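Engineer: The structure under discussion is supplied below as structure tokens; questions concerning it will follow.
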Amino acid sequence: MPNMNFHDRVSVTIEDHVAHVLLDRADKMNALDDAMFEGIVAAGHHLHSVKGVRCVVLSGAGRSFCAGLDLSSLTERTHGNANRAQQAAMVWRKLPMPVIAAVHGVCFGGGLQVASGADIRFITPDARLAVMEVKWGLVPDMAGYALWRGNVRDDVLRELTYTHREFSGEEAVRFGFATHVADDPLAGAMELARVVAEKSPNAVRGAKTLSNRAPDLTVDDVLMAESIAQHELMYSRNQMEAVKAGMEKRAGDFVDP
Amino acid sequence: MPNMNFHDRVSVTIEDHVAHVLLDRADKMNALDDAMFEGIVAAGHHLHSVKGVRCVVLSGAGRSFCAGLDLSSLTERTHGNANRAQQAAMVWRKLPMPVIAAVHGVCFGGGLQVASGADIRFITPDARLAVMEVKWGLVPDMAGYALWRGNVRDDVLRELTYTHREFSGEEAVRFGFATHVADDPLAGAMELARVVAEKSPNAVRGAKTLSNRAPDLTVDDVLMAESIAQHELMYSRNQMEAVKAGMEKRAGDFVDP
Amino acid sequence: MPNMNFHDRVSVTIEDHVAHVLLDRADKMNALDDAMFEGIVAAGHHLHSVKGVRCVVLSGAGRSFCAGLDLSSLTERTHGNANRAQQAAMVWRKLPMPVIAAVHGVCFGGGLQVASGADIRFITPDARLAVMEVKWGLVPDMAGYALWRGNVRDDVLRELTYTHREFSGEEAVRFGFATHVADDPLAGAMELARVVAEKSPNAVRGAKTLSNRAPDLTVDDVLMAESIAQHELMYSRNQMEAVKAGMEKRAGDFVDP
């Protein structure tokens, strides 16, 4: 408590530095209508400014993560570098803290892109996924081409996009669309989020930022960005605490930004 | 019919929106002489402007896909961003429609790069491949460094290039040089090409273009290119048809660009 | 003989065109103190200008490759695009010839980044590795984000960095932190280095340079850099020798740059 609800579509609860974001339209398999878009983007935006949130778990209520877009202009940048549909996925990558998704049942189209905004994905072996867009005469346009490219082979992605074929959770892990197969992906994500929540929050945030930016920089610039990030951390209060806690084999007690 | 023949080296036949391109110099294991280069580049160029071709299958006549270069200036850009040797591989990636290669027997050097121009590769388990160039005191210069990098690990590629060692079709799939192991790679490629040929041709083409360009763009630019591509598709005639055919569980009837 | 020793921390010996670089502070598990940094960077620098070195093997004395940083400004570029800590890893990637690392025991933090500067890594199945930095409230800043990105998935790297968890040599190969599992990684690296040492040294060096630069170039520029590199090799003396030796089924006899 509180259960924070956005647009009757997304619920957020926070405990012990972990936020759990739940797509909550179980009766329509969390399909992406207008209010679900608003709900997702608003939930992620809210989380920018909650103090002390160190990790996010993102999952779906009911039987599926997200059945994709609901049947019932694009180029305008309404959310910084994104449009609204793209932000539903991108807000997770732009959050300063890591996002761990837990995927079960169907995860199609927009739903697969939204999950792909997370840092890391747990999934059931028997989940059903698809890069569904070509079926509707469209292309993936909710940031998939920016999010998939560091995890999925070029050939695999072209195939799955042109055929829009379904693949399982097990295949998803092997293809790079998910990170770990688990019978209870929510339990695995929550365990991992707890672990993340024990670490220096500044260091975790700096790492996320480097992971986010390094693919698009030249080697020279990666090197400078590493050194600039390390300069904010070295000899700071939470860094000296990490070392001390390290040395005393205890958990660090950190100040949250 | 017609069997279109280019320079007595490459044959192209088209049926039900699928073009089959056959390297046809079986008696020299489709080795890359001057006429084979001309033949390949001319065949790919011809296919730019054939209306209604929705997928290409690329394969070799006789016992091997391509034994590589035939024993018996480089920097000049004769084919847009490529020289002639590079275009033999690059023409497949620059074609608006997907190219599916089917690889068997030997596939060495230039032959491996030509195959690597395709979107997707089927291969026999017992094929023999090699990044052969270092053996001749050369480097791979027929676009391999542009084509391999989204499918093959950095470490794997440096090793195979420096040692020029042979690897099997099974290894090729695991390393990322091919997509699927099949006893009859041509039959698998043709099946996949048929599937591709059922889809909205505009959507398939937009997807290929995003897959082609997204690795070299910043995140910001990937996002804009996604939205710009989607804007050409949404509410167009073939997109409305895809949705309708989708809804009526039937095959779409599309107008070819 | 000679055993060249740098700062009492690194030993280098050269035979039959292979340099063996040994981190030699076995009694502190080759941990990275001030002198070890100096030792590494000086050893790599020396190797730039030794004529006839065609491959390098990098390994650790005693029980571990490198236990990482020793407890007992960052942004200044002291070694071209790197600071000193980054150069301990980067010098291996900037050397004109390939570097093959052999990893056993513990390989943590800085030690993992140093190994990651090599082109290719052999490792024991039961090695212990970790992206350790978050434990000390830091981020990886010894070039890991530039070196890991062509071998390791985005999701895997974010996980291992945030949790700083230990993973085995077997896992390392599957994750992309190492290339081959071997019970005797030094014996495997030395065998591979011998093979590399038989090849045209100009061709091997050109290949390393393309592998190094191609990830950061546009497709257009990769194509030009391939053609420019090939132009230095084609019809040169060592290239004509490779072909001849090729044709006569013998080892090439090359002039070293």
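Protein chains in written order, with my numbering: chain C, 10 to 266; chain U, 10 to 266; chain Y, 10 to 266.
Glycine residues also receive a C-beta, built at the ideal position from the N, C-alpha and C atoms.
Among the residues of its own chain, which have a CB less than 7 Å from the CB of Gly53(C), if the five just before and after it don't count?
Structural biologist: The sequence position of residue 53(C) within the first sequence is 44, counting from 1. Contacts found: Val100, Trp101 and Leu104.
Engineer: So who's on the other strand from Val19(C), going by DSSP bridges?
Structural biologist: If you number the first sequence from 1, residue 19(C) lands on position 10. According to DSSP, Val19(C) bridges with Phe15(C) and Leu32(C).
Engineer: Suppose the cutoff is 8 Å on Cβ atoms and the five residues either side in sequence are ignored; what does the same chain contact list for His173(U) look like?
Structural biologist: If you number the second sequence from 1, residue 173(U) lands on position 164. Correct list, in chain order: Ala139, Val140, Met141, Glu142, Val143 and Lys144.
Engineer: In the region 102-136 of chain U, which residues sit with their C-beta less than 8 Å from some C-beta in chain C, listed in chain order?
Structural biologist: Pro107, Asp128, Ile129 and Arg130
Engineer: Going along the chain, which residues of the region 197-220 of chain U sit with their C-beta nearer than 8 Å to a C-beta in chain C?
Structural biologist: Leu201, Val204, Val205, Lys208, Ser209, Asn211, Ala212, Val213, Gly215, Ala216, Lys217, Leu219 and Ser220: these are the residues of the region 197-220 of chain U whose beta carbon lies less than 8 Å from some beta carbon of chain C, given in chain order.
Engineer: Among the candidates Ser245(Y), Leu147(Y), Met249(Y) and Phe15(Y), whose CA atom is the shortest distance from the CA of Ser209(C)?
Structural biologist: Counting from 1 along the first sequence, the entry for residue 209(C) is found at position 200. Checked all of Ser245(Y), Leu147(Y), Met249(Y) and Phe15(Y); the closest Cα to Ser209(C) is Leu147(Y).
Engineer: Within 10 angstroms of the Cβ of residue 274(U), are there 16 or more other Cβ atoms? Answer buried if so, exposed if not.
Structural biologist: This structure does not reach residue 274(U), given that chain U is present from 10 up to 266, and the question cannot be answered.
Engineer: Using the Cβ count rule (16 or more neighbours within 10 Å means buried), how would you classify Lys217(U)?
Structural biologist: In the second sequence, counting from the first residue as 1, residue 217(U) sits at position 208. Buried, by the Cβ-count rule.
Engineer: Can you look up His57(C) in the DSSP assignment and give me helix, strand or coil?
Structural biologist: Against the first sequence, residue 57(C) aligns to sequence position 48. Reduced to three states, the DSSP call for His57(C) is helix.
Engineer: Judging by CA-CA distance, which residue of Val62(U), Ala234(U) and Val123(U) is the nearest neighbour of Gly48(U)?
Structural biologist: One-based indexing of the second sequence puts residue 48(U) at position 39. Here the closest residue by C-alpha is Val123(U).
Engineer: Which of the three DSSP states is assigned to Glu24(C) in this structure?
Structural biologist: By one-based count along the first sequence, residue 24(C) stands at place 15. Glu24(C) falls in the strand class under three-state DSSP.
Engineer: Run down chain U in chain order and give the residues with a C-beta less than 7 Å from the C-beta of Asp229(Y).
Structural biologist: To locate residue 229(Y), count along the third sequence from 1; it is residue 220. Chain U residues near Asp229(Y): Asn90.
Engineer: Output, in chain order, the set of chain C residues within a Cβ distance shorter than 7 Å of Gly185(U).
Structural biologist: Mapped onto the second sequence, residue 185(U) falls at position 176. The answer, in chain order, is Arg162.
Engineer: Tell me, please, whether the CB atom of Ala40(U) is closer than 8 Å to any CB atom in chain Y?
Structural biologist: The residue given as residue 40(U) occupies position 31 in the second sequence. With 8 Å as the cut-off, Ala40(U) does not count as an interface residue toward chain Y.
Engineer: How about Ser68(U) and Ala110(U): do their beta carbons lie closer than 8 Å?
Structural biologist: Counted from its first residue, the second sequence places residue 68(U) at position 59. Counted from its first residue, the second sequence places residue 110(U) at position 101. Result yes, Cβ atoms of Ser68(U) and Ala110(U) sit closer than 8 Å.
Engineer: Strictly below 8 Å CB to CB, what residues from chain C border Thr84(Y)?
Structural biologist: As a working note, residue 84(Y) is residue 75 in the third sequence. Those are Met233, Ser236, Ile237 and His240, listed as they occur along chain C.
Engineer: In chain Y, which residues lie less than 8 Å from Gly255(C) when you measure between Cβ atoms?
Structural biologist: Here the question's residue 255(C) lines up with position 246 in the first sequence. Neighbours of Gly255(C) on chain Y, chain order: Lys144 and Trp145.
Engineer: Is there contact here, the region 126-134 of chain Y with the region 196-205 of chain C, by at least three beta-carbon pairs under 8 Å?
Structural biologist: no
Engineer: Residues bridged to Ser81(Y) by DSSP?
Structural biologist: Looking up residue 81(Y) in the third sequence gives position 72. According to DSSP, which records beta bridges pairwise, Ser81(Y) is partnered with nothing at all.
Engineer: Just verifying my parser: in three-state terms, what is the DSSP assignment at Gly71(U)?
Structural biologist: For the purposes of this step, residue 71(U) is taken as the residue at position 62 of the second sequence. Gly71(U): coil per DSSP, three-state reduction.
Engineer: Looking only at its chain, what residues have a beta carbon closer than 8 Å to the beta carbon of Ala260(U), apart from the 5 residues adjacent to it on each side?
Structural biologist: Your numbering for residue 260(U) matches position 251 in the second sequence. Contacts found: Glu207 and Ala254.
Engineer: Quick one, which of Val59(U), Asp33(U) and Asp36(U) has its alpha-carbon nearest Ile23(U)'s?
Structural biologist: In the second sequence, the residue the question calls residue 23(U) occupies position 14. The option with the nearest alpha carbon to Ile23(U) is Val59(U).
Engineer: Just grab the DSSP bridge partners of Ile109(C) for me.
Structural biologist: Walking along the first sequence from the start, residue 109(C) turns up at place 100. DSSP, once it has assigned bridges, lists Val66(C) and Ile129(C) as partnering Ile109(C).
Engineer: Output, in chain order, the set of chain C residues within a Cβ distance shorter than 8 Å of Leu166(Y).
Structural biologist: As a working mapping, residue 166(Y) is identified with position 157 in the third sequence. What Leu166(Y) touches in chain C: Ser220.
Engineer: Give the list of continuous alpha helix (DSSP H) stretches no shorter than 4 residues that lie fully inside the region 182-239 of chain U.
Structural biologist: 194-206 and 210-222
Engineer: If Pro11(U) sits next to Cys64(U), beta carbons under 8 Å apart, how far is it from one beta carbon to the other, in whole angstroms?
Structural biologist: Sequence index remark: in the second sequence, residue 11(U) carries index 2 (1-based). Sequence index remark: in the second sequence, residue 64(U) carries index 55 (1-based). With a Cβ gap of about 19 Å, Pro11(U) and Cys64(U) do not count as contacting.
Engineer: Determine whether the beta carbon atoms of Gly120(C) and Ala76(C) lie at a separation below 8 Å.
Structural biologist: As a working note, residue 120(C) is residue 111 in the first sequence. As a working note, residue 76(C) is residue 67 in the first sequence. Taking 8 Å as the Cβ cut-off, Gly120(C) and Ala76(C) qualify as a contacting pair.
Engineer: Are the CB atoms of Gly153(Y) and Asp163(U) within a distance shorter than 8 Å?
Structural biologist: The count along the second sequence starts at 1 and reaches residue 163(U) at position 154. The count along the third sequence starts at 1 and reaches residue 153(Y) at position 144. Cβ atoms of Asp163(U) and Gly153(Y): not closer than 8 Å.
Engineer: Show which residues of chain Y have a CB atom less than 8 Å away from the CB atom of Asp225(U).
Structural biologist: The sequence position of residue 225(U) within the second sequence is 216, counting from 1. Correct list: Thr227 and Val228.
Engineer: Closer than 8 Å by beta-carbon distance: list the chain U residues that pair up with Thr170(C), in chain order.
Structural biologist: As a first step, residue 170(C) is located in the first sequence; it is residue number 161 there, counting from the start. Neighbours of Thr170(C) on chain U, chain order: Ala216 and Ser220.
Engineer: Please report the distance separating the alpha-carbon of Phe74(U) from that of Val112(U).
Structural biologist: The count along the second sequence starts at 1 and reaches residue 74(U) at position 65. The count along the second sequence starts at 1 and reaches residue 112(U) at position 103. Each residue's alpha carbon lies about 6 Å from the other.
Engineer: Can you find the residues in the same chain that come closer than 8 Å, C-beta to C-beta, to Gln248(C), ignoring five residues on each side of it along the sequence?
Structural biologist: As a working note, residue 248(C) is residue 239 in the first sequence. These residues qualify, in order along the chain: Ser209, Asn211, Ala212 and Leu242.
Engineer: Can you name the start and end residues of the alpha helix (DSSP H) that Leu169(C) belongs to?
Structural biologist: The sequence position of residue 169(C) within the first sequence is 160, counting from 1. Segment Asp163 to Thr172, the alpha helix (DSSP H) holding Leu169(C).
Engineer: Report yes if the CB atom of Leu83(C) is closer than 8 Å to the CB atom of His57(U), and no otherwise.
Structural biologist: Walking along the first sequence from the start, residue 83(C) turns up at place 74. Walking along the second sequence from the start, residue 57(U) turns up at place 48. No, the Cβ-Cβ distance between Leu83(C) and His57(U) is not below 8 Å.
Engineer: Kindly list, in the order they appear in chain C, the residues whose Cβ is closer than 8 Å to that of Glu250(U).
Structural biologist: Translated into positions along the second sequence, residue 250(U) becomes position 241. Those are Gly146, listed as they occur along chain C.
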